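Asker: Protein chains in written order, with full-length UniProt numbering: chain A, 1 to 351; chain B, 1 to 351. A virtual CB, placed ideally from N, CA and C, is assigned to each residue, including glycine.
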Ligand SMILES: NC(=O)c1ccc[n+]([C@@H]2O[C@H](COP(=O)([O-])OP(=O)(O)OC[C@H]3O[C@@H](n4cnc5c(N)ncnc54)[C@H](OP(=O)(O)O)[C@@H]3O)[C@@H](O)[C@H]2O)c1
Ligand SMILES: NC(=O)c1ccc[n+]([C@@H]2O[C@H](COP(=O)([O-])OP(=O)(O)OC[C@H]3O[C@@H](n4cnc5c(N)ncnc54)[C@H](OP(=O)(O)O)[C@@H]3O)[C@@H](O)[C@H]2O)c1
């Protein structure tokens with residue numbers, strides 16, 4: 001065991017020098033001796049990024065490979081052994097792994113309590129994960145996955161979730177996928193708040209509906225916004241008191257309907273969890289003066305939010321929805337355990 | 001004086017229907033009768049967006065116009081008379097105007113107290129401003145301006161600043177450009193906070209240095225970050241207690257230097273005011289646990305911040321720097337009046 005290791009992982013950066021593992025081109029994936037603050041994993045499955053996976057598979061077909069499953073297998077071994085990680089050299093994507101804990105450093109910053117043998121999922125990108133592929137058992141082209149045998153490093157700054165046996169299935173990775181959303185909502189929503197959730201039928205949306213209603217309480221008002229009227233029962237069943245029918249890009253409609261349902265006082269907290277562009281200005285206009293607008297979605301444009309609010313003189317706070325929060329996986333899993341309505345919907349939708 | 005007018009200005013939207021003035025293609029620029037909540041301006045100068053201005057001038061030179069000032073003038077009049085506003089039809093950029101107040105609706109939501117005849121600048125984009133150009137006196141090709149005779153509408157939701165009588169105007173207009181930054185810093189920085197300002201020598205940086213230090217107080221710590229060693233005296237003279245020499249993209253150096261200067265405690269508030277990309281992760285890594293990272297610059301990428309913080313498990317708050325805040329023009333101008341050092345530095349650089 002080697003001592004004084006960087007939680008950000010610079011001790012495993014080979015090329016170039018003085019950059020973090022993610023921007024690094026070549027990482028040190030030598031799993032024979034670990035650092036004091038690292039944690040080693042016996043990798044079971046690689047969930048590759050769907051655009052990265054699709055991109056590599058096509059490039060192998062354009063070079064005239066016949067056996068795509070082996071060619072992808074061939075591509076993975078060469079990529080990881082040369083660069084130390086499965087960072088797509090063209091798109092710069094990656095993914096996550098599922099494995100079992102293999103060794104734990106003495107000075108490892110423990111987040112979720114795990115021991116050797118625990119089955120954990122990774123919530124950080126493969127583009128920063130030291131990875132060594134010893135064998136490729138299967139290459140599922142339709143599942144963007146690889147059944148392998150290898151090992152990976154989690155730095156002390158890394159993020160992982162302990163996968164439960166009592167919760168079965170891939171219920172958890174669909175939850176870990178959006179676990180940062182409900183954890184953040186419970187920090188934002190006060191008792192008696194009026195909450196507007198735009199994209200209230202989505203994966204993270206319905207989790208936000210439930211947590212928002214729990215926090216705002218009996219005298220709070222949770223208002224969903226959805227594009228399609230077939231979604232109204234689900235929004236109300238997952239916590240919305242009222243539901244608006246509008247395109248998330250329809251700023252004027254959403255404003256008048258929120259104003260009507262709140263007698264012109266508007267929302268204290270607006271949660272945006274749609275996957276569409278040009279919904280920044282509608283989200284801003286649903287909020288009251290000095291209200292909170294929380295952007296969770298990757299379709300959010302920084303510039304449209306920052307300048308949009310200026311043009312209409314909207315003094316509201318606009319926060320970038322962090323993908324991580326302390327205990328966000330435990331909290332999101334707890335939410336499904338406490339909320340039977342959500343649990344069923346998740347098992348039906350993302351089993 | 002027509003009644004029941006929308007503060008967002010939808011009552012002047014001709015094409016298409018049910019969109020805000022900004023995305024609208026054609027606005028109603030009929031200045032013969034105003035609405036009850038609007039304010040009419042006799043425009044003196046049009047400061048067009050420099051990318052929009054440059055693009056139009058080039059488009060006119062590639063179409064083979066000889067008299068460029070005369071060609072630009074006709075392009076402005078035709079665009080405004082056809083569409084009602086000076087929104088660039090290709091890039092979608094506008095700008096700002098300077099004028100004197102001509103008429104004030106009785107139901108106009110007055111922010112800064114102004115009367116008829118007061119010389120005001122507008123802080124909302126020309127891309128949403130109903131504008132009618134009756135004459136183009138001058139077309140300053142090197143200064144991105146047009147000395148015109150026309151009129152513009154300000155909606156109740158618009159933002160404007162009264163040009164001060166006690167001050168200059170080359171100076172005052174330069175401050176409104178960044179007035180949202182010092183106003184926001186005053187809300188974020190608590191007494192005894194450690195404040196890190198990335199881009200500490202810039203226009204907004206020096207305003208942020210001063211506001212951070214007065215708010216953080218004698219037992220607070222204000223740390224500037226600059227690439228160039230010639231900037232340390234200005235950074236320290238405008239409020240920084242310490243200055244780090246590093247590239248804003250150098251996460252590891254900035255992290256080690258903030259840690260060294262704070263005995264591993266890091267910053268309570270990180271203010272990012274560089275207009276360089278790939279500074280999200282350095283800003284995040286300078287913050288302490290649960291600290292605040294405020295992104296003011298338009299070079300900020302939403303996804304790089306949102307995913308960047310996740311990969312290193314940084315549970316920090318990331319705020320989108322709103323371009324507007326209540327009384328932000330008065331607050332930034334007051335800052336220059338109390339601080340002679342800022343005033344002197346501003347007069348030299350921006351006049
Ligand atoms: N950093 C993180 O933690 C993280 C992780 C994953 C995803 N995200 C981002 O956060 C968002 C949450 O996505 P998700 O996982 O909840 O997937 P999702 O279920 O697809 O969420 C999006 C929902 O919004 C609705 N919607 C989309 N466009 C709309 C529009 N124009 N008008 C009205 N409704 C609209 C969709 O319903 P209909 O299309 O049926 O109307 C959809 O159900 C994603 O956009 C993603 O970019 C963030
Ligand atoms: N109303 C609006 O349009 C609006 C509203 C909100 C925010 N903003 C944005 O706020 C941002 C702040 O810019 P500003 O005009 O206030 O300041 P600025 O005058 O553009 O200065 C930026 C400063 O950052 C310094 N810096 C230090 N290290 C750097 C590095 N590695 N890369 C780049 N710069 C570095 C620069 O010094 P060097 O000379 O060494 O580079 C420069 O002094 C702008 O992006 C602006 O677009 C605009």
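Do you know whose CA, among 227/A, 342/A, 231/A and 109/A, lies nearest residue 4/A's CA?
Answerer: Of the listed residues, the one whose Cα sits closest to residue 4/A is 109/A.
Asker: Does the Cβ of residue 101/A have 16 or more other Cβ atoms within 10 Å, making it buried, or fewer, making it exposed?
Answerer: Buried, because 16 or more other Cβ atoms sit within 10 Å of the Cβ of residue 101/A.
Asker: Which two residues bound the contiguous alpha helix (DSSP H) that contains residue 10/A?
Answerer: Looking at the DSSP string, residue 10/A is not in any alpha helix (DSSP H), and its letter there is neither H nor E.
Asker: Considering only the alpha carbon of each residue, which of 207/A, 230/A, 312/A and 253/A lies closest to residue 271/A?
Answerer: Of 207/A, 230/A, 312/A and 253/A, the residue nearest in Cα terms is 207/A.
Asker: I'd like to know if residue 5/A contacts chain B, where contact means its C-beta is closer than 8 Å to some C-beta of that chain.
Answerer: Closer than 8 Å: no.
Asker: Counting only the same chain and skipping the five closest in sequence on each side, list residues whose C-beta sits under 8 Å from that of residue 201/B.
Answerer: Excluding sequence neighbours, residue 201/B sits near 224, 226, 228, 231, 234 and 235.
Asker: Span of the alpha helix (DSSP H) holding residue 285/A?
Answerer: Element bounds for residue 285/A: 280-286.
Asker: Name the chain A residues whose beta carbon is nearer than 7 Å to that of residue 346/B?
Answerer: Simply none; closest approach about 22 Å.
Asker: With residue 77/B as the anchor, note down where its alpha helix (DSSP H) starts and where it stops.
Answerer: Taken as a continuous stretch (DSSP letters only), the alpha helix (DSSP H) holding residue 77/B covers 68-83.
Asker: Assess contact between the region 67-74 of chain A and the region 1-19 of chain A, defined as three or more Cβ pairs (one per stretch) separated by less than 8 Å. Is contact present?
Answerer: No, the region 67-74 of chain A does not touch the region 1-19 of chain A.
Asker: Residues of chain A with CB closer than 7 Å to the CB of residue 11/B, please, in chain order.
Answerer: Per Cβ cutoff of 7 Å: no residues; residue 11/B is ~11 Å from chain A at best.
Asker: Quick one: measure Cβ to Cβ for residue 98/B and residue 44/B, integer angstroms, because I've assumed they're closer than 8 Å.
Answerer: That pair is a contact at about 5 Å.
Asker: Using only the heavy atoms of ligand 2, determine whether one of them is closer than 7 Å to the beta carbon of residue 230/A.
Answerer: Outside the cutoff, so no.
Asker: For residue 293/A and residue 299/A, which I take to be in contact (beta-carbon distance under 8 Å), what is that distance rounded to the nearest angstrom?
Answerer: That pair is no contact at about 15 Å.
Asker: Rounded to whole angstroms, what is the Cα-Cα separation between residue 296/B and residue 169/A?
Answerer: In a straight line, the C-alpha of residue 296/B is about 43 Å away from that of residue 169/A.
Asker: DSSP three-state call for residue 149/A: helix, strand or coil?
Answerer: Three-state result, residue 149/A: strand.
Asker: May I have the straight-line CA-CA distance separating residue 79/B from residue 145/B, to the nearest angstrom?
Answerer: Cα to Cα, the separation comes out at about 16 Å.
Asker: Below 8 Å on the Cβ atoms is my guess for residue 95/B versus residue 49/B; work out the distance and round it to an integer in Å.
Answerer: Right, the Cβ-Cβ distance comes to about 5 Å (below 8 Å), so this counts as a contact.
Asker: Let's see if you can read the secondary structure: which residues bound the alpha helix (DSSP H) around residue 335/A?
Answerer: Residues 328-338.
Asker: Could you tell me whether any Cβ in chain B is nearer than 8 Å to the Cβ of residue 272/A?
Answerer: So, not an interface residue.
Asker: So with CB distances below 8 Å, who are the chain A contacts of residue 294/B?
Answerer: Per Cβ cutoff of 8 Å: no residues; residue 294/B is ~10 Å from chain A at best.
Asker: Have a look at residue 128/A and residue 311/B and give me their C-alpha separation to the nearest angstrom.
Answerer: About 8 Å.
Asker: Between residue 237/B and the rest of its own chain, which residues show a CB-CB distance below 7 Å, the 5 nearest in sequence each way excluded?
Answerer: If we look at residue 237/B and ignore the five residues flanking it on each side, its Cβ neighbours are 341.
Asker: Cα-Cα, which of 315/B, 301/B, 268/B and 248/B is closest to residue 192/B?
Answerer: Comparing Cα-Cα distances from residue 192/B to each of 315/B, 301/B, 268/B and 248/B, the minimum goes to 268/B.
Asker: In angstroms, rounded to a whole number, what distance separates the CA positions of residue 34/A and residue 1/A?
Answerer: Spanning the two alpha carbons is a distance of roughly 5 Å.
Asker: Less than 7 Å between C-beta atoms, sequence neighbours within five positions excluded: which residues of the same chain meet that for residue 219/A?
Answerer: 192.
Asker: I'd like the list of long-range same chain contacts for residue 104/B, defined as Cβ closer than 6 Å, with 5 residues on each side in sequence excluded.
Answerer: Once the five neighbours on either side are set aside, the close Cβ partners of residue 104/B are 39.
Asker: Among residues of its own chain, excluding the 5 on either side of residue 253/A, which ones have a beta-carbon nearer than 6 Å to its beta-carbon?
Answerer: The answer, listed in chain order, is 246.
Asker: From this set, 318/B, 216/B, 204/B and 314/B, which residue's C-alpha is nearest residue 350/B's C-alpha?
Answerer: Among 318/B, 216/B, 204/B and 314/B, the Cα nearest to that of residue 350/B belongs to 204/B.
Asker: Under 8 Å between C-beta atoms, does residue 317/B make it to chain A?
Answerer: Yes, residue 317/B lies at the interface with chain A (some Cβ there is under 8 Å from its Cβ).
Asker: Distance check for residue 213/A and residue 196/B, CA to CA, integer angstroms please.
Answerer: One C-alpha to the other measures close to 37 Å.
Asker: Return no unless some Cβ of chain A is closer than 8 Å to the Cβ of residue 20/B.
Answerer: Yes, residue 20/B lies at the interface with chain A (some Cβ there is under 8 Å from its Cβ).
Asker: When every heavy atom of ligand 2 is checked, does at least one fall within less than 7 Å of the C-beta of residue 247/B?
Answerer: Yes, Cβ of residue 247/B sits closer than 7 Å to a heavy atom of ligand 2.
Asker: For residue 76/A, I'd like the list of residues in its chain whose CB is within less than 7 Å of its CB, leaving aside the five on either flank, ordered along the chain.
Answerer: For residue 76/A, where only same-chain residues beyond five positions count, the Cβ hits under 7 Å are 86, 133, 136 and 146.
Asker: What residues of chain B sit near residue 124/A, judged by a beta carbon separation below 9 Å?
Answerer: Within chain B, the residues near residue 124/A are 310, 311, 312 and 313.
Asker: At a CB-CB cut-off below 7 Å, which residues of chain B make contact with residue 325/A?
Answerer: Ordered by position in chain B, the residues that pass the 7 Å Cβ test against residue 325/A are 315.
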